[PDB]
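Novice: So that we are looking at the same thing, I have put the structure below in structure tokens.
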Amino acid sequence: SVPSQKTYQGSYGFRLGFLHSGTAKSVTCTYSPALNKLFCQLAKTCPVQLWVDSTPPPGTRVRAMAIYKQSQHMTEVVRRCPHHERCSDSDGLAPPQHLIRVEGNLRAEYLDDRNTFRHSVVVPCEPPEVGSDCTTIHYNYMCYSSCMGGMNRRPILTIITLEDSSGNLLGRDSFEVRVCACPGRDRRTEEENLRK
Ligand SMILES: CN1CCC(Nc2cccc3c2cc(C#CCNc2ccc(C(C)(C)C#N)nc2)n3CC(F)(F)F)CC1
Ligand SMILES: [Cl-]
Ligand SMILES: [Zn+2]
């Protein structure tokens with residue numbers, strides 16, 4: 001079964017935000033608003049901002065899940081490739097098959113859905129730190145988009161869901177992801193492509 005990707009702000013006005021990191025050759029993560037697409041390097045920090053108009057209840061959580069963007073691939077579970085699932089690089093929380101990890105949160109939980117076999121990672125959410133206006137989650141993507149036998153050059157979306165403590169939907173947003181060696185050049189190219 002395919003989870004919904006429909007944007008849904010919900011009662012709390014939930015939506016994502018991204019830093020403005022530019023497209024320099026050295027950038028490790030960069031987001032294209034024009035493409036709604038995040039470009040990032042393998043296993044590097046990807047900051048994703050969480051925004052709401054009003055604070056949801058304590059016990060609200062935020063889940064990330066990858067799905068293939070193309071129609072003929074969306075029912076296939078997005079997972080790490082045969083090489084990376086075997087490279088013994090788990091931090092002790094993330095199963096080695098999971099593409100998306102959360103960096104720097106010991107309360108991250110990883111789900112293998114018993115019915116759909118899809119992977120997700122979920123963390124508690126908290127109000128912003130003093131002097132900040134949003135919360136930030138640090139994600140890591142653990143395969144390249146080009147990894148053969150995994151994503152296999154197929155585009156993916158990350159679906160971010162705001163959930164109550166039972167897992168019921170409160171909000172949903174999403175963005176395309178390319179995991180690549182030079183995010184800055186690839187963002188410029190695809191943006192110049194779109195422009196042409
Ligand atoms: C004008 N107002 C606009 C919205 C601003 N608040 C936010 C702005 C941006 C992000 C925000 C928030 C709030 C949350 C959150 C949560 C859920 N947990 C949680 C835990 C503990 C507690 C307390 C009360 C301390 C306890 N006990 N209350 C909630 N988040 C994260 C989320 F939901 F977006 F992921 C505040 C000002
Ligand atoms: Cl930018
Ligand atoms: Zn891989």
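Ligands are numbered from 1 in the order shown, residues from 1 within each chain, and chains are lettered A, B, ... in the order they appear in the structure tokens.
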Given a cut-off of 12 Å, what residues near ligand 3 show up using only C-alpha atoms and all ligand atoms, put as an NGL selection string?

Specialist: :A and (42-43 or 78-87 or 89 or 96-100 or 141-153 or 179-180)

Novice: Which residues form the shell of 10 Å around ligand 2 when you count only C-alpha atoms and all ligand atoms, given as an MDAnalysis selection string?

Specialist: chainID A and resid 18:24 30:33 184 187

Novice: Give me, as a PyMOL selection string, the residues of segment 8-195 of chain A that a backbone DSSP run labels alpha helix (DSSP H).

Specialist: chain A and resi 183-195

Novice: Residues of chain A within 12 Å of ligand 1: nearest atom pair and distance (Å, one decimal) for each, counting only C-alpha atoms and all ligand atoms, sorted by chain and number, as CSV?

Specialist:
```
residue,atom,partner,partner_atom_place_in_ligand_line,distance
A:9,CA,ligand 1,34 (F),10.9
A:10,CA,ligand 1,33 (F),11.4
A:11,CA,ligand 1,33 (F),11.2
A:12,CA,ligand 1,33 (F),8.0
A:13,CA,ligand 1,34 (F),8.7
A:14,CA,ligand 1,34 (F),6.4
A:15,CA,ligand 1,34 (F),7.8
A:16,CA,ligand 1,34 (F),8.5
A:17,CA,ligand 1,9 (C),10.3
A:48,CA,ligand 1,35 (F),10.5
A:49,CA,ligand 1,10 (C),8.0
A:50,CA,ligand 1,34 (F),4.5
A:51,CA,ligand 1,9 (C),4.3
A:52,CA,ligand 1,34 (F),4.9
A:53,CA,ligand 1,3 (C),4.6
A:54,CA,ligand 1,4 (C),4.2
A:55,CA,ligand 1,13 (C),3.9
A:56,CA,ligand 1,17 (C),4.7
A:57,CA,ligand 1,29 (C),4.9
A:58,CA,ligand 1,19 (C),3.7
A:59,CA,ligand 1,18 (N),5.8
A:60,CA,ligand 1,17 (C),5.1
A:61,CA,ligand 1,35 (F),7.1
A:62,CA,ligand 1,35 (F),6.4
A:63,CA,ligand 1,35 (F),10.0
A:122,CA,ligand 1,35 (F),11.3
A:123,CA,ligand 1,35 (F),9.5
A:124,CA,ligand 1,18 (N),7.2
A:125,CA,ligand 1,35 (F),4.9
A:126,CA,ligand 1,18 (N),4.1
A:127,CA,ligand 1,14 (C),3.7
A:128,CA,ligand 1,11 (C),5.6
A:129,CA,ligand 1,8 (C),9.3
A:130,CA,ligand 1,36 (C),10.4
A:131,CA,ligand 1,36 (C),10.9
A:132,CA,ligand 1,8 (C),8.3
A:133,CA,ligand 1,8 (C),5.5
A:134,CA,ligand 1,9 (C),3.8
A:135,CA,ligand 1,10 (C),4.9
A:136,CA,ligand 1,35 (F),8.2
A:137,CA,ligand 1,35 (F),9.0
A:160,CA,ligand 1,35 (F),10.2
A:161,CA,ligand 1,35 (F),9.4
A:162,CA,ligand 1,35 (F),6.8
A:163,CA,ligand 1,33 (F),9.2
A:164,CA,ligand 1,17 (C),9.1
A:165,CA,ligand 1,17 (C),10.2
A:170,CA,ligand 1,33 (F),9.7
A:171,CA,ligand 1,33 (F),9.5
A:172,CA,ligand 1,35 (F),11.0
A:173,CA,ligand 1,34 (F),11.7
```

Novice: Mind the document's chain letters and residue numbers, and return as a ChimeraX atom specification the residues of chain A that DSSP labels strand (DSSP E or B).

Specialist: /A:8,15-17,29-32,37-40,46-51,61-68,100-102,109-112,119-124,135-141,156-163,169-179

Novice: What's the separation between atom CA of residue 91 of chain A and atom CA of residue 37 of chain A, in Å to one decimal place?

Specialist: 26.7 Å

Novice: Suppose you want the space between atom CA of residue 194 of chain A and atom CA of residue 35 of chain A; what is it in Å?

Specialist: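 If I compute the distance from atom CA of residue 194 of chain A to atom CA of residue 35 of chain A, I get 8.2 Å.
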